[PDB]
There are 4 protein chains.
Amino acid sequence: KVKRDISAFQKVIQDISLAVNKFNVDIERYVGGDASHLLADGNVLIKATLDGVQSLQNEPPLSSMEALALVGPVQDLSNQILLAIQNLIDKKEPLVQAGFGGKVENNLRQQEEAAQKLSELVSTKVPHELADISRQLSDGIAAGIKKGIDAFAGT
Amino acid sequence: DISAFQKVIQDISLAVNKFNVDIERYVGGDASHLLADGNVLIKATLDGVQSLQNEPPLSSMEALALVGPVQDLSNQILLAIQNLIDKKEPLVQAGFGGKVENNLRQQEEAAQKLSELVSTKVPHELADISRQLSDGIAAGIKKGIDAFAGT
Amino acid sequence: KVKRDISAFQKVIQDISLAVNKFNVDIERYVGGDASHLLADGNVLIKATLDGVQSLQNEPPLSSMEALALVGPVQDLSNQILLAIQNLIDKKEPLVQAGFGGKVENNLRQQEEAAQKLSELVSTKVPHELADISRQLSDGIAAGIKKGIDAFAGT
Amino acid sequence: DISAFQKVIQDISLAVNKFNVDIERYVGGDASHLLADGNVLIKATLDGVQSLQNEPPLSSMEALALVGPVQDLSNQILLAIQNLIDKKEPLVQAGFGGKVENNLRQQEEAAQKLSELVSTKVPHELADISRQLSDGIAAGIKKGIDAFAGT
Ligand SMILES: CCCCC/C=C\C/C=C\C/C=C\C/C=C\CCCC(=O)O
Ligand SMILES: CCCCC/C=C\C/C=C\C/C=C\C/C=C\CCCC(=O)O
Ligand SMILES: CCCCC/C=C\C/C=C\C/C=C\C/C=C\CCCC(=O)O
Ligand SMILES: CCCCC/C=C\C/C=C\C/C=C\C/C=C\CCCC(=O)O
Ligand SMILES: CCCCC/C=C\C/C=C\C/C=C\C/C=C\CCCC(=O)O
Ligand SMILES: CCCCC/C=C\C/C=C\C/C=C\C/C=C\CCCC(=O)O
Ligand SMILES: CCCCC/C=C\C/C=C\C/C=C\C/C=C\CCCC(=O)O
Ligand SMILES: CCCCC/C=C\C/C=C\C/C=C\C/C=C\CCCC(=O)O
């Protein structure tokens, strides 16, 4: 316990990664029909994201060293989120034909709202020396979610 | 066809009643299962928002057919909130007071989204009673938030 | 605009200082009788304190340089709060005789609660290199408020 | 002697009514005076908690004497909350949405302290109605919080 125990931050990353990866597996396996289980995966992901905001609210700021140590796990999580979004977009045809396009749209709008809250929280923990890269990562994920929102809009 | 509304009500009822089963028999110790039950309930609530968002408003006949199930669900939610408050002592002793507070804040936000959406779907003849039931739930959640605050 | 604009933090300090100083002047001028105006001064101080929590919630962390620059204004504010508390305690006799001892006690308990919330907020903004001195300043103010609570307890 | 209760009611009524005067005639522009009005109202509310904390419970006859003034005050608070919501557009255009949201969160916390205290003072014969009025105010504050969230 000499150093910081930044395990709170690592746990949030892992919890979100677990939710993303379950969604991703299910979206890749999906080849048509009822998509309720995908919406439910999305809602476990929203819960993980909002759990993060609450878990980390009262944490002290990250040092440069502490934040640097999280750059790897955060870039990995970005990569995973962006891939999951692409795999979702890839399944637009079966999803829309099954009558789930709107519902997916609506889930994505809730993902966007939750991601924005978590990004905002993160910006209150990162030291200035990592503020630009952290914002870049957050913007990438926001742009990915918007791509998904745009793909399912009007369906 | 109003099966979308009946499915939401049933899914939330499943989750509320499972929570009531577990909280009534909880006397102390680890409460992770109770938080999980609350998570399922938030997910059901959000699934409801996503499901009903683009449904057109209910006719007086369609809404009337939902009155029984809705009123029962209201009563079950009010019971869940009171049961939770009743178990504050063991939950706080177990170190779960802050977790319960945080989960209730998420319940409050999800419920508010669903309530606002419901108010757009109900016909005027049932608007005042629907609002009364929604307000009771919202106020009850807040009373739970008050009970666990600072723990 | 090149540097941080830490004016949000300075405004909170000034707003609290304004409320403290009005209370202090009124407590020193008080020599008996109705003390409702003192309770009202205390409640302007509670508002300033809670306004601070809300104003600063979404700020990014302070750098070492930024936090260092606030050490002076924060020590001055501590000095002012501790003095006000002493001047309040000094007036215990007329306050108690006027029937205001409980009410002062209750006001102080609300000051304590609000100061705890603000201290907690401050701990989420200070970088580690100033975390011990910031905690020491916060503890000093808490100990002062407790001295006042103890003086008016049971009255 | 229940003058302490009458003074609290009058002080909160002064503040609520001043706010109603100002919000009803507000059509846009700087809203700093409206926030000041809200600040006075929070101070009055907290002054009430501090004042009544140690007063013993009300007899049925003492509480009955407060029913008129309390019910009027309830109605004025519900009006203030609706009036505020009605002026969301000019308040948000003026750049005051977040300030209003933050002030309402403080109103909510102050009101919850005072409501909890009141519930300890009211005799049983008026407990259910007192709680109903308190819940309506709490839920109304929350509806204002919802209206200004994210602005
Ligand atoms: C089936 C319905 C759709 C399922 C959802 C589809 C894909 C996953 C979507 C979005 C990713 C959501 C949340 C990512 C969470 C946190 C990163 C942002 C926080 C930050 O930047 O700090
Ligand atoms: C590269 C910055 C270094 C660490 C960032 C700090 C904290 C993040 C740790 C936990 C928060 C949980 C998930 C992060 C969500 C999305 C990626 C972060 C995007 C951002 O950066 O907003
Ligand atoms: C560990 C915490 C778990 C506590 C869970 C117990 C109760 C949760 C309380 C309320 C949420 C229940 C249902 C939400 C669904 C409908 C109400 C909103 C719709 C409306 O009103 O129109
Ligand atoms: C008793 C009058 C209300 C009947 C209106 C009929 C149907 C409402 C439609 C859907 C309800 C769906 C989810 C919310 C379920 C229960 C919470 C109380 C509902 C409310 O009331 O918000
Ligand atoms: C001494 C380190 C620098 C601290 C600066 C950070 C935040 C202070 C600025 C604004 C907050 C407003 C008032 C602070 C109140 C009491 C002194 C700070 C106590 C602490 O230290 O908790
Ligand atoms: C009738 C009673 C009048 C009040 C008595 C006098 C003073 C109240 C004392 C303290 C409350 C004032 C300020 C708290 C502000 C900053 C400290 C934040 C805690 C921290 O950052 O560490
Ligand atoms: C009709 C309710 C019976 C009146 C109870 C008698 C006295 C109330 C006690 C204290 C009054 C002081 C402050 C609160 C004032 C108004 C809000 C509604 C309160 C309520 O409704 O409690
Ligand atoms: C700019 C924001 C200003 C908004 C102000 C408008 C309305 C504020 C609403 C409610 C607070 C008013 C009074 C609190 C009094 C009584 C409730 C507690 C006692 C009880 O219930 O028993």
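Residues numbered from 1 in each chain as written, not as in the entry; some residues may be left out. Chains lettered and ligands numbered in written order. Heavy atoms only, no water.

- The record names X-ray crystallography as the way this model was obtained, at a resolution of 1.5000 Å.

- Where the PDB entry is consulted, chain B appears under the name Envelope glycoprotein, with the organism given as Talaromyces marneffei PM1.

- In the nomenclature of the PDB entry, chain A is known as Envelope glycoprotein of Talaromyces marneffei PM1.

## What to know about the overall build of chain A
Inference 1: Scanning chain A for helices and strands turns up 7 helices and 0 strands.
Inference 2: Along its sequence from the N terminus, chain A presents helices and strands in the succession α-α-α-α-α-α-α.
Inference 3: The C-alpha radius of gyration of chain A comes to 16 Å, within 12% of the 15 Å expected for a compact globule of 155 residues.
Inference 4: Principal-axis analysis of the C-alpha atoms gives chain A an extent of 55 × 25 × 20 Å.
Inference 5: When contacts within chain A are restricted to residue pairs at least 6 apart in sequence, long-range pairs at least 24 apart make up 88% of them.
Inference 6: Accessible area for chain A stands at about 7,800 Å²; split by element, carbon and sulfur atoms hold 56% of it.
Inference 7: Charge centroids of chain A, computed over 16 positive and 20 negative side chains, lie 3 Å from each other. (Helix = DSSP H or I, 4+ residues; strand = E, 2+ residues; numbered from the N terminus. Rg over C-alpha atoms; globule rule 2.2 N^0.38 Å. Contact = heavy atoms within 4.5 Å. Areas by Shrake-Rupley, 256 points an atom, 1.4 Å probe, with all protein chains shown as cover. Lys, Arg positive; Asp, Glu negative; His and termini not counted. Charge placed at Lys NZ, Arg CZ, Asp CG, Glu CD.)

## Some remarks on the pattern of salt bridges
Inference 1: Applying the stated rule across the entire model yields 33 salt bridges over all chains.
Inference 2: The shortest N-O distance in the salt bridge between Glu 66 of chain A and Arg 4 of chain A comes to 2.9 Å. One end of the pair, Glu 66 of chain A, is in helix α3 (residues 64-68); the other, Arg 4 of chain A, is in the segment before α1 (7-29), and 62 residues separate them in sequence.
Inference 3: The shortest N-O distance in the salt bridge between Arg 105 of chain B and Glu 108 of chain B comes to 3.0 Å. On the criterion of helical spacing, the pair formed by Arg 105 of chain B and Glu 108 of chain B is a turn pair, its members being 3 residues apart in helix α6 (residues 97-121).
Inference 4: Salt bridges sharing partners connect three or more residues here, namely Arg 4, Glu 59 and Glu 66 of chain A. (Salt bridge = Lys/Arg side-chain N within 4 Å of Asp/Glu carboxyl O.)

## Let's talk about the site of ligand 2
Residue and element names in this part refer to chain A.
Inference 1: In the neighbourhood of ligand 2, 16 residues make up the surrounding shell, with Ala 67, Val 74, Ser 134, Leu 137 and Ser 138 lying closest.
Inference 2: Contact distances for ligand 2 include 2.7 Å between an oxygen atom and a side-chain N or O atom of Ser 134.
Inference 3: In isolation ligand 2 has 540 Å² of accessible area, and contact with the protein removes 96% of it.
Inference 4: At the level of secondary structure, the elements contributing two or more residues to the shell around ligand 2 comprise α1, α4 (71-90), α6 (101-123) and α7 (131-152).
Inference 5: Of the residues in the shell around ligand 2, the class split is 14 nonpolar, 2 polar and no charged. (Near = heavy atom within 4 Å. Polar contact = N/O pair within 3.5 Å; in protein donor to acceptor, adjacent residues only side chain to side chain. Nonpolar A, V, L, I, M, F, W, Y, C, P; charged D, E, K, R; others polar.)

## Regarding the relation of the copies chain D and chain B
Inference 1: Once chain D is rotated about the relating axis by 180 degrees and shifted along it by 0.0 Å, it coincides with chain B to within an RMSD of 0.0 Å. Look at the turn and shift together and you get a two-fold axis relating the two. Closest to the rotation axis within chain D is the C-alpha of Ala 139 of chain D, separated from it by 2.9 Å.
Inference 2: In this assembly the copies share their binding face: 100% of the residues contributing to the interface of chain D also contribute to that of chain B. (Least-squares fit on C-alpha atoms.)

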